[PDB]
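Novice: One structure follows; several queries about it will come next.
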Number of protein chains: 6
Amino acid sequence: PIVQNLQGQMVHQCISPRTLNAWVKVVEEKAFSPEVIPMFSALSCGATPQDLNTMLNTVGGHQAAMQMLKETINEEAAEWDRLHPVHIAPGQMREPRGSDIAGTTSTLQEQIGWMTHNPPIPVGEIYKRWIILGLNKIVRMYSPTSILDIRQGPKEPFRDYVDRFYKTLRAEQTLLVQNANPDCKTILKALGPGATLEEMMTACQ
Amino acid sequence: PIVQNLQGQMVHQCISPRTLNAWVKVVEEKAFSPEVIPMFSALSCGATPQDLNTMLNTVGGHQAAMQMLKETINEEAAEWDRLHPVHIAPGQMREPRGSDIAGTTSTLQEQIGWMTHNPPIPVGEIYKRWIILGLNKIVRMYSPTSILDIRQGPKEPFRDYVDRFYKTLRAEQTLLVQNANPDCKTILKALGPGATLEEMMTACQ
Amino acid sequence: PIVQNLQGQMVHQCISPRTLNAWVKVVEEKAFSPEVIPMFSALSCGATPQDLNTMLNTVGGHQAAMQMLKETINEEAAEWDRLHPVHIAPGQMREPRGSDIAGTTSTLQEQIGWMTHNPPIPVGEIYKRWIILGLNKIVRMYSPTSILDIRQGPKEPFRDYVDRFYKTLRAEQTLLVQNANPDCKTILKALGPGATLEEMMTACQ
Amino acid sequence: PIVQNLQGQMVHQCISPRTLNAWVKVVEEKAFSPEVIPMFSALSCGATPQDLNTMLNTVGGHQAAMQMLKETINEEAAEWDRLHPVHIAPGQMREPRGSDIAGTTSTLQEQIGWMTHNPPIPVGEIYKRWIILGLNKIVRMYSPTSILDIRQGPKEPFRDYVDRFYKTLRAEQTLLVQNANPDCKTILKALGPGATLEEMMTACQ
Amino acid sequence: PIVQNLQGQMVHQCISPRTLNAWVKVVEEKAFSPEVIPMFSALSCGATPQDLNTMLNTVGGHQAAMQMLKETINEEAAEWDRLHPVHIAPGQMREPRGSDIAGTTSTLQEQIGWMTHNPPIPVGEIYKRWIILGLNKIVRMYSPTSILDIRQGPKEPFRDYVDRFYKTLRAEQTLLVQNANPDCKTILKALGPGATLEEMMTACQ
Amino acid sequence: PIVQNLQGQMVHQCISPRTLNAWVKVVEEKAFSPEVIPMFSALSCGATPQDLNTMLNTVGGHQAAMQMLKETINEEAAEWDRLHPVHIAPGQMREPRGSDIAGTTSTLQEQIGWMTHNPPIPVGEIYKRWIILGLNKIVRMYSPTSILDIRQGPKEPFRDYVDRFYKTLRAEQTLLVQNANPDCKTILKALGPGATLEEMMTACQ
């Protein structure tokens with residue numbers, strides 16, 4: 001990534017083997033569960049476009065997924081050119097294209113240039129925004145079942161049902177009461193309006 | 001987080017993959033056991049609001065819990081605005097809202113600004129206070145059984161009973177004697193008043 | 001590798017035991033699966049030719065593979081000499097041969113010289129390009145089956161078929177529709193032209 | 001803790017996730033075996049009172065134990081006040097109470113102040129002394145059996161008996177000969193006085 | 001080892017517990033497989049003779065091996081004296097003997113002196129050359145079977161045979177065709193001369 | 001330990017949790033196998049007497065052993081006083097006793113003083129010498145069987161016998177031929193005198 005030294009200067013640093021290992025393992029073990037996204041964002045703190053491609057290209061499985069991502073990334077590159085066309089001067093910075101932000105037509109040297117520029121063109125963050133929009137589309141896609149089929153088991157503790165409800169709800173981005181079992185529906189109906197989730201859960205314990 | 005370099009200056013540092021891994025694993029293995037809280041507080045030393053959201057958003061399970069937390073965080077944002085309303089000047093700091101402290105309406109850039117300000121507005125610590133108040137409410141909620149149902153087994157060693165008693169007592173935040181078995185109740189009654197826990201446990205060995 | 005200190009200077013650093021361990025483990029567990037290549041490239045960031053030989057020479061198995069690599073590396077050394085022949089001056093830099101870039105006839109001292117030169121002769125990157133061209137030839141070679149034999153199981157979920165299709169396709173570097181089962185072929189044929197992979201997969205869910 | 005930078009200054013540093021993990025694991029696996037204490041002391045090198053509370057508060061089990069510790073810590077706070085009563089001046093240091101050394105009534109800011117003072121008030125070491133005196137009381141308490149019941153098995157190798165003897169002896173803080181079996185008692189009696197443990201063990205091999 | 005600080009100076013650094021652990025584990029798990037040597041060389045980057053003895057002396061098994069190594073090291077010490085005899089001056093450097101390079105008759109202080117000298121006497125690299133020549137002799141010795149007994153199974157895939165061939169060949173430091181099975185011998189004979197290993201393997205797939 | 005910063009100065013550093021973990025694990029898994037000693041020496045590089053006590057006091061088992069060590073350490077303290085008696089001056093260094101080198105009667109402050117003195121009194125190395133002499137006595141003691149009972153199995157490969165021979169020989173600190181089986185004795189007798197171990201082992205393969 002790009003990080004601050006101890007003497008203030010912004011400088012390139014090899015992506016750590018820890019960071020490389022963590023991303024591949026998280027993908028192995030959680031596929032496209034929604035919590036995976038903030039894990040990506042954190043593990044890619046200060047990342048060059050080169051670093052971002054490395055993290056995506058190290059995934060062995062989920063290639064239907066990594067192909068939809070390319071589709072999404074390209075749609076975002078086109079839109080970028082549409083908004084910032086381009087026409088260089090010896091030892092002068094060249095403006096970036098869509099394909100330059102997504103690191104396919106740019107060098108690490110240019111990427112370090114733009115991101116450390118004063119003022120900086122933050123190509124790492126622009127690309128990451130594109131990637132995250134794409135990973136979100138995939139998460140919604142790979143949610144195994146709909147919020148409509150999340151109903152509480154007649155013998156299912158309220159808390160464990162809420163957990164299923166808001167798990168599903170997060171993947172897809174008073175239905176809680178509707179889908180509740182009759183025993184707990186009864187108590188919730190009685191609580192009146194403007195009940196907090198804490199109160200709802202207390203009540204049904 | 002924000003940490004001191006070696007040359008004195010306060011500067012931003014990527015949250016470590018070790019720290020990211022430790023929090024998710026602790027939540028996996030201890031759920032909302034009370035000891036989890038000081039583990040959160042320590043693992044989030046020097047954390048920006050961005051860092052705090054990352055640690056919460058990396059949890060995959062316990063979404064009933066992470067939803068009550070939002071409820072608690074929002075109640076605290078409202079109370080913040082109630083106490084510090086707001087109305088910016090070119091390249092000048094803008095005062096923070098409730099949603100700015102909780103990192104939903106603020107940039108990492110602004111967060112670094114406030115926290116490194118001279119004097120600093122410590123938005124990281126203010127947010128963490130909010131989160132911890134919320135995690136406490138959850139711990140009390142998820143205590144499996146009441147201190148009233150903690151009674152010593154007729155064949156249960158005193159020490160292992162005390163451990164159950166003060167485990168329960170910590171989750172909920174001479175009852176010890178009341179709930180003791182008759183053999184050990186007898187000895188404790190005899191010890192008279194102002195007996196230390198050490199003496200109580202010695203006596204019953 | 002060669003890395004920047006904290007005071008700006010470009011300086012040699014022992015290859016870390018973490019990096020040494022990661023490469024050998026990745027080769028143990030993924031053989032010449034295509035995702036292995038970007039893992040090599042990342043783990044060898046800033047690498048001297050000496051460092052590159054170390055990473056290759058630490059592999060115990062796959063010696064048919066590591067022999068084809070030598071064949072490829074030598075073909076690239078010849079081509080290098082063909083393009084940059086050579087004829088030294090006391091305490092002056094000597095131009096590098098093919099065998100010098102591939103680190104067989106050069107010292108670590110000379111390698112540090114060329115790579116830190118102003119302007120630098122980047123022998124590490126030139127060699128890595130050679131190695132990667134060679135590892136690619138091997139990946140294609142060790143793809144277990146052809147894209148032609150990737151057809152969807154009559155009871156195989158579309159998503160899991162796409163994953164097999166683009167796994168195979170990556171190793172080898174509307175056939176998707178051709179190879180689809182009849183139920184899903186039907187729906188895809190109906191979608192008309194210019195359908196995105198996301199739409200294709202949605203449709204077949 | 002408080003540690004020296006590279007430029008000499010004494011400065012605060014987040015407690016490492018390694019250190020956090022090591023203490024909790026050691027307690028999991030060795031309970032209050034006597035060797036645990038020097039492990040605590042080492043893992044808490046340079047620790048603020050805040051750091052010390054964090055290490056204690058991260059333990060989930062052994063709450064009878066962690067309650068006796070509070071009892072011991074409070075007895076030591078009282079004794080501290082008894083010896084150093086207190087009565088502040090704008091931007092001037094306030095003398096610490098018992099509860100300030102044990103980090104319950106003090107800020108991290110004040111703790112950093114006292115410990116980096118010239119001359120320093122070493123509140124970290126004063127607290128640690130209190131804690132260690134308390135953990136010792138617990139170790140003695142949780143020694144499973146008395147030195148009197150450590151006798152050598154008629155078919156038990158001398159060395160393995162000595163190990164049991166000095167294990168027990170350390171937990172509790174020519175009895176060796178008394179408790180020896182008759183075969184080895186015989187040889188030891190014969191060795192005369194002023195025999196080294198090495199000679200004793202040699203003799204009985 | 002000896003490493004560069006951040007301020008340029010060459011300075012001594014404790015051998016890391018990671019490096020200590022890695023060498024012992026590699027020896028545990030691969031014995032004197034040829035790939036072990038480049039692993040030694042890399043793990044001992046910048047090593048003092050003291051560091052080299054530490055790495056050898058931490059091996060518990062393979063003592064027939066570690067004794068042949070001493071034999072080889074001593075033969076190299078004699079040859080060193082034969083080539084550089086010796087006859088010191090207050091606070092002046094004394095020339096090194098064979099036993100000084102191999103770290104048996106020298107202090108760490110002297111080793112740091114020679115290796116940081118301007119110009120440096122690189123006793124670490126001279127010793128490592130000796131050790132590696134010795135470890136090579138051992139690898140050849142502990143090759144389980146001869147290249148002559150590497151023949152392709154009638155039902156053995158060509159690739160897996162090449163792997164056995166070049167594994168054996170590396171330990172010992174158109175025989176491929178000779179030893180091939182008749183089906184694959186046939187195709188290889190037909191390929192004519194100057195066939196690349198890639199072509200040979202393609203052909204036999 | 002005491003280590004060099006990046007700015008040259010010799011300064012105290014907390015013993016790492018890695019180093020703490022490595023020593024305890026090595027003792028768990030190898031007891032007093034001779035290879036354990038160089039592991040101790042390396043893991044305790046730059047160690048204060050305080051650091052040395054920490055490493056010994058973290059061992060839970062082997063207390064017969066750790067008691068003989070105290071016996072040995074005390075014998076060495078007496079001998080030290082015998083050789084360097086003592087009689088302090090305000091803010092002036094006090095000469096060390098036997099008990100000061102072994103860190104029982106000295107502060108970490110004094111230990112840092114002596115070891116960083118110009119010229120330094122190296123109390124860490126003096127103590128470590130004492131400890132190592134003691135651990136050696138223990139290794140010899142805990143060698144399970146004598147070199148006299150190491151004889152080659154009639155069906156035991158020569159190499160595996162040499163390994164047993166020199167394992168035993170190292171613990172205790174042409175007998176090889178004597179103890180050889182008759183088949184291999186025969187060949188060795190025939191080799192004549194001045195045969196290298198390599199030749200001996202070659203011959204018997």
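Just so we're on the same page: first chain in the structure tokens is A, next is B, and so on; residues restart at 1 for each chain, and ligands are numbered from 1 in the order they show up.
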Each residue of chain B with at least one atom at most 10 Å from chain A should appear once, together with its nearest atom pair and the corresponding distance in Å (one decimal); atoms considered: only C-alpha atoms; ordering: chain, then increasing residue number; output as JSON lines.
Specialist:
{"residue": "B:4", "atom": "CA", "partner": "A:6", "partner_atom": "CA", "distance": 9.2}
{"residue": "B:5", "atom": "CA", "partner": "A:6", "partner_atom": "CA", "distance": 5.4}
{"residue": "B:6", "atom": "CA", "partner": "A:6", "partner_atom": "CA", "distance": 6.1}
{"residue": "B:7", "atom": "CA", "partner": "A:6", "partner_atom": "CA", "distance": 6.6}
{"residue": "B:8", "atom": "CA", "partner": "A:6", "partner_atom": "CA", "distance": 9.1}
{"residue": "B:9", "atom": "CA", "partner": "A:8", "partner_atom": "CA", "distance": 8.6}
{"residue": "B:11", "atom": "CA", "partner": "A:4", "partner_atom": "CA", "distance": 8.0}
{"residue": "B:12", "atom": "CA", "partner": "A:4", "partner_atom": "CA", "distance": 8.1}
{"residue": "B:13", "atom": "CA", "partner": "A:3", "partner_atom": "CA", "distance": 7.8}
{"residue": "B:14", "atom": "CA", "partner": "A:45", "partner_atom": "CA", "distance": 5.9}
{"residue": "B:15", "atom": "CA", "partner": "A:42", "partner_atom": "CA", "distance": 7.0}
{"residue": "B:16", "atom": "CA", "partner": "A:43", "partner_atom": "CA", "distance": 8.0}
{"residue": "B:17", "atom": "CA", "partner": "A:19", "partner_atom": "CA", "distance": 6.2}
{"residue": "B:18", "atom": "CA", "partner": "A:18", "partner_atom": "CA", "distance": 8.3}
{"residue": "B:20", "atom": "CA", "partner": "A:39", "partner_atom": "CA", "distance": 8.0}
{"residue": "B:21", "atom": "CA", "partner": "A:22", "partner_atom": "CA", "distance": 8.3}
{"residue": "B:50", "atom": "CA", "partner": "A:42", "partner_atom": "CA", "distance": 9.5}
{"residue": "B:51", "atom": "CA", "partner": "A:42", "partner_atom": "CA", "distance": 8.4}
{"residue": "B:53", "atom": "CA", "partner": "A:38", "partner_atom": "CA", "distance": 8.7}
{"residue": "B:54", "atom": "CA", "partner": "A:38", "partner_atom": "CA", "distance": 6.0}
{"residue": "B:55", "atom": "CA", "partner": "A:38", "partner_atom": "CA", "distance": 8.6}
{"residue": "B:56", "atom": "CA", "partner": "A:38", "partner_atom": "CA", "distance": 9.3}
{"residue": "B:57", "atom": "CA", "partner": "A:35", "partner_atom": "CA", "distance": 6.1}
{"residue": "B:58", "atom": "CA", "partner": "A:35", "partner_atom": "CA", "distance": 5.0}
{"residue": "B:59", "atom": "CA", "partner": "A:35", "partner_atom": "CA", "distance": 6.2}
{"residue": "B:60", "atom": "CA", "partner": "A:35", "partner_atom": "CA", "distance": 5.2}
{"residue": "B:61", "atom": "CA", "partner": "A:163", "partner_atom": "CA", "distance": 7.2}
{"residue": "B:62", "atom": "CA", "partner": "A:163", "partner_atom": "CA", "distance": 5.9}
{"residue": "B:63", "atom": "CA", "partner": "A:163", "partner_atom": "CA", "distance": 5.1}
{"residue": "B:64", "atom": "CA", "partner": "A:163", "partner_atom": "CA", "distance": 4.9}
{"residue": "B:65", "atom": "CA", "partner": "A:163", "partner_atom": "CA", "distance": 7.9}
{"residue": "B:66", "atom": "CA", "partner": "A:166", "partner_atom": "CA", "distance": 9.2}
{"residue": "B:67", "atom": "CA", "partner": "A:166", "partner_atom": "CA", "distance": 7.9}
{"residue": "B:68", "atom": "CA", "partner": "A:198", "partner_atom": "CA", "distance": 6.2}
{"residue": "B:69", "atom": "CA", "partner": "A:198", "partner_atom": "CA", "distance": 9.5}
{"residue": "B:71", "atom": "CA", "partner": "A:196", "partner_atom": "CA", "distance": 7.7}
{"residue": "B:72", "atom": "CA", "partner": "A:198", "partner_atom": "CA", "distance": 9.5}
{"residue": "B:137", "atom": "CA", "partner": "A:198", "partner_atom": "CA", "distance": 8.8}
{"residue": "B:138", "atom": "CA", "partner": "A:198", "partner_atom": "CA", "distance": 8.5}
{"residue": "B:141", "atom": "CA", "partner": "A:202", "partner_atom": "CA", "distance": 7.5}
{"residue": "B:142", "atom": "CA", "partner": "A:159", "partner_atom": "CA", "distance": 9.5}
Novice: Check chain A with DSSP on the backbone and list each residue it calls alpha helix (DSSP H), as a VMD selection string.
Specialist: chain A and resid 17 to 30 36 to 43 49 to 57 63 to 83 98 to 101 108 to 116 123 to 142 158 to 172 175 to 179 182 to 190 197 to 203
Novice: Considering only C-alpha atoms, return as a ChimeraX atom specification whatever protein or nucleic-acid residues lie within 12 Å of residue F:87, sequence-local ones (same chain, fewer than 3 positions apart) excluded.
Specialist: /F:81,84,94-97
Novice: Return the single residue from F:102, F:204, F:131, F:147 that is closest to residue F:179, with distances computed using only C-alpha atoms.
Specialist: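 Among the listed residues, the smallest separation from residue F:179 belongs to F:147.
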Novice: I'd like the contact shell of residue B:200 - 12 Å cut-off, only C-alpha atoms, skipping same-chain residues fewer than 6 positions apart - returned as number ranges by chain.
Specialist: B: 158-159, 162, 174, 176-177, 180, 184-194; D: 64, 68, 141
Novice: Atom CA of residue F:175 and atom CA of residue F:135, how far apart in Å?
Specialist: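 About the pair atom CA of residue F:135 and atom CA of residue F:175: they are 27.1 Å apart.
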